[PDB]
Structures are given as structure tokens and as C-alpha cells.
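One structure below.
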Amino acid sequence: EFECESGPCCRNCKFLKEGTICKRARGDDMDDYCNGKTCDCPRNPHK
């Protein structure tokens, strides 16, 4: 039927809009955001 996975950046087998915050950073860092492709909250590379 559908390719379905769950995680912070998915809801009911759909991907949350790219750029959606999924984990607020400590200090001055870039926040983690959903990529609109995968269900995990990707740990930002740029820190």
C-alpha cells in the first residue's frame, strides 16, 4: 500500500514540510529542521 515510517518529522505516513523545526539548538547554534524527505530529526551538520 504505502511506504510508511514514523518519527518526529512524519505524521500519518506523510513528511512534515521541509524547514519545520524539530529540535531547538543550545546557545547560538542552528536549530535542527525536518528536510521533508525522512522521518528522523537530522542533527544539523553545521555546528
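Each chain in the C-alpha cells gets a letter, A, B and so on, in the order shown; residues start at 1 in every chain, and ligands are counted from 1 in the order they appear.
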
Backbone-only DSSP, strand (DSSP E) members of chain A, as a PyMOL selection string:
chain A and resi 10-11+14-15+21-23+32-33

Could you write out that same residue set with N, CA, C and O atoms as a PDB file, in the first residue's frame?
ATOM      1  N   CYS A  10       7.585  13.066  10.597  1.00  0.00           N
ATOM      2  CA  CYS A  10       6.497  12.386   9.858  1.00  0.00           C
ATOM      3  C   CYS A  10       5.222  12.400  10.688  1.00  0.00           C
ATOM      4  O   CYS A  10       5.303  12.344  11.927  1.00  0.00           O
ATOM      5  N   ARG A  11       4.099  12.393   9.994  1.00  0.00           N
ATOM      6  CA  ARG A  11       2.762  12.287  10.614  1.00  0.00           C
ATOM      7  C   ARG A  11       1.867  11.528   9.646  1.00  0.00           C
ATOM      8  O   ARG A  11       1.787  11.967   8.499  1.00  0.00           O
ATOM      9  N   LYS A  14       3.106  10.796   6.158  1.00  0.00           N
ATOM     10  CA  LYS A  14       3.470  11.979   5.351  1.00  0.00           C
ATOM     11  C   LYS A  14       4.670  12.661   5.993  1.00  0.00           C
ATOM     12  O   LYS A  14       4.865  12.484   7.195  1.00  0.00           O
ATOM     13  N   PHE A  15       5.480  13.353   5.201  1.00  0.00           N
ATOM     14  CA  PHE A  15       6.677  14.086   5.665  1.00  0.00           C
ATOM     15  C   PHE A  15       6.289  15.522   6.024  1.00  0.00           C
ATOM     16  O   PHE A  15       5.615  16.204   5.203  1.00  0.00           O
ATOM     17  N   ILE A  21      10.820  23.198  12.321  1.00  0.00           N
ATOM     18  CA  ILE A  21      11.768  22.974  13.444  1.00  0.00           C
ATOM     19  C   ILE A  21      11.440  21.615  14.081  1.00  0.00           C
ATOM     20  O   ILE A  21      10.253  21.340  14.318  1.00  0.00           O
ATOM     21  N   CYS A  22      12.456  20.827  14.415  1.00  0.00           N
ATOM     22  CA  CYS A  22      12.241  19.554  15.128  1.00  0.00           C
ATOM     23  C   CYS A  22      13.091  19.467  16.397  1.00  0.00           C
ATOM     24  O   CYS A  22      12.720  18.692  17.291  1.00  0.00           O
ATOM     25  N   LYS A  23      14.112  20.299  16.565  1.00  0.00           N
ATOM     26  CA  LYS A  23      14.877  20.325  17.831  1.00  0.00           C
ATOM     27  C   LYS A  23      15.584  21.670  17.967  1.00  0.00           C
ATOM     28  O   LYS A  23      16.404  22.023  17.128  1.00  0.00           O
ATOM     29  N   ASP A  32      17.833  22.312  14.557  1.00  0.00           N
ATOM     30  CA  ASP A  32      17.536  21.142  13.689  1.00  0.00           C
ATOM     31  C   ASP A  32      16.142  21.317  13.076  1.00  0.00           C
ATOM     32  O   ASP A  32      15.198  21.705  13.813  1.00  0.00           O
ATOM     33  N   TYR A  33      16.004  20.981  11.787  1.00  0.00           N
ATOM     34  CA  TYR A  33      14.767  21.170  10.998  1.00  0.00           C
ATOM     35  C   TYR A  33      14.523  19.900  10.187  1.00  0.00           C
ATOM     36  O   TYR A  33      15.504  19.249   9.755  1.00  0.00           O
TER      37      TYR A  33
END

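Between atom CA of residue 19 of chain A and atom CA of residue 1 of chain A there is a distance of 27.6 Å.
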
Would you list the contacts of residue 20 of chain A as a VMD selection string, taking every protein, DNA or RNA residue within 8 Å and counting only C-alpha atoms, but skipping same-chain residues closer than 3 positions in sequence?
chain A and resid 16 to 17 33 to 35

When you count only C-alpha atoms, which of these residues is closest to residue 30 of chain A: A:8, A:44, A:18, A:3?
A:44

Can you measure atom CA of residue 2 of chain A to atom CA of residue 43 of chain A for me? One decimal in Å is fine.
26.6 Å

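The gap separating atom CA of residue 39 of chain A from atom CA of residue 12 of chain A is 10.9 Å, in Å to one decimal.
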
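Here the question is which of A:31, A:9, A:24, A:4 gets nearest to residue 47 of chain A using only C-alpha atoms, and that residue is A:31.
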